[PDB]
Each structure stands twice: as structure tokens, then as C-alpha cells.
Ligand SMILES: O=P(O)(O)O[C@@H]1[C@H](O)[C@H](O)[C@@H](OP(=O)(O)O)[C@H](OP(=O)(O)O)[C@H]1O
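Presented below, as C-alpha cells, is a lone chain in the form solved without the ligand.
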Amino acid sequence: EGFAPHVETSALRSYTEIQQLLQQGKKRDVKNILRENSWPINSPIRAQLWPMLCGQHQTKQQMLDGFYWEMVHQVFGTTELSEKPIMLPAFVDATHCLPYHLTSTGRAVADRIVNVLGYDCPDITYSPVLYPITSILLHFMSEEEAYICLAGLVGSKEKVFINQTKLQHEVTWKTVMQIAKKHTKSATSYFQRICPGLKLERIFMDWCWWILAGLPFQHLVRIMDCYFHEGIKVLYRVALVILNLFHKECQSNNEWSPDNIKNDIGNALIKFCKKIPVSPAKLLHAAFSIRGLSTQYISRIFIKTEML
């Protein structure tokens, strides 16, 4: 209906309002609008809203027909999109190059964007999340608009959006594990009881895939709306909610009885997320009900993990 042309088949505030608010420096009001406004997936607002949201985190505005195409020339020696899938940089996880609903053309575009980023950002050595986020952006905008969004997220100086090294990846999931220990202990305690010998680390290493490789597309998109404004803490909240919801479902639903899940709890989470029994709005509501997740508390437990 109202997507980008490289995509296949499956009162509410406006862009101008949000744009005016953001220019007046009112980010908290923009944050609350994003959390509470459920624009339909086929809405044309994200074509304009997402580039604006991603661009606020860098200080210099990037216009179209800019440096991106010069880098395409420098990397590929041509601007013609290859029809034979090209090799990706080593920072991607070949297991998780999630295309979602992109056509082969859209996937080729994502391949090119990811190579340009790698060329321009040599410090990125490990970032499995980067390709899926590229594909998602491309569902509502063109190539260069997607690259510009990503560069803004990757180049962010205060808010974290995308981890770029193995160390950053390790500290993050360790951090997600500690927070869950305080917020969702009943969930993990139960898992360890029906599956003796369970190493919770192997589970929490894939916390981001519950969201990016599990949740339905409409849930993902609403999450991205807030994530592009607030950063990775949005993903933390939803991770916690997923754990609590799955736990609640283990108590009353036969599909998630101990024998049906104990052999591989990690995969049970993924399968559960694919048919998540709540709507996007209810998912976000629980996610943003959670307290004690201040920037300062996360930052402190982050360095406590890093310092050991």
C-alpha cells in the first residue's frame, strides 16, 4: 500500500506536528507521542518520520545525492546494482542477514549499503544487528535515505543504537542478563528447574533475536518507532516483557509444557515470539511500564560488568 517499491506482500498525530515539536527541542513530548501513537504499517508517515528520527542524533544534516554515491563508486567502480548476491563484510552474521519482506532488488540494495558502511567505518568489526536494521529501514525509504539513517545511528555519540565490536556485544547481553536477574527472576528460575544444567548465558546471548528474528513484522515496526528516538534501552524493555509473557504462557498453555520446550528453551522463545499472544500496543505498554531503567543505572551496571 504505502511502502517502498522494493517490498513484497505481507486521531493519530502527524509528521508536521512531531517535526515542529522536535525543532522546538521537546524530545520528551516526541517520545510520548511515539510510544502512544500506533500508526498502521501501511502508513506513509514513516517515509518521513524515520529519516527525521535517525538524523537528530548527529549534529550535521546530510542531504541526498551526497557522499554515499561517491563511496559506491570507490567501492564497486560502478553504480549498477549487481543481480548476483555480492559478498558481505565480515562484521555481519551470515546466519542473520534478515531480509523480512524485501524483494531480491531490495536485498541487493541492503548488500550494497552494508558494504559501503564497512568501508567508511573500519572500527565496526562485529555487528550482527546492522543488516536486519538496514532491511527494516528499506521497507519505507530508498537506498541513500537508509544509509544516512544508519550512519546517524552508528555515529551516535551519546545514545547507543548499534553495537560494533565483540566486546560491546558481550557486555550488552551480560548487562541484559543482570537486569533480567532483577526484573524477571521467576522466568529464568523456572527455566533452570524444568531444564537442569541450563546455562542462562547461552539463552541471553540471543536476546536480540527474540525481537529481530522472532516478533511479527507489525510489532517490530512499532518498536523501531521508539527505538530510533530513544536507543537500545527500548530493546532492553521489550526483551524483559517477552520473558515475562513467555513465563506466563508456560504456566497455562499446553504448547509450552515442559516436555515441549525443555530440550531447547532458546528456540521455544523464538517460536513463541512468532505467534506472540499480545498486540503491538500492549507489548509497548508493558515495555514502557517498567521502571528503574534510567540511563544512569544502566550505564553503571554496564561498566560494573566491563570492569568486573
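Residue indices: 1-based, along the sequence shown.
Although it is not shown, the form solved in complex with the ligand is what the next lines describe.
You can rule out all but one of 174 to 182, 84 to 92, 227 to 235, 205 to 213: in the entry with it bound, only 227 to 235 has residues with a heavy atom within 4.5 Å of the ligand. Within 4.5 Å of some heavy atom of the ligand in the entry with it bound lies at least one heavy atom of residue 31.
At least one heavy atom of residue 292 is located within 4.5 Å of the ligand in the entry with it bound. Although the partner is absent here, residue 57 is not a contact residue: none of its heavy atoms lies within 4.5 angstroms of the ligand in the entry with it bound. Although the partner is absent here, residue 35 lies within 4.5 Å of the ligand in the entry with it bound, judged by heavy atoms.
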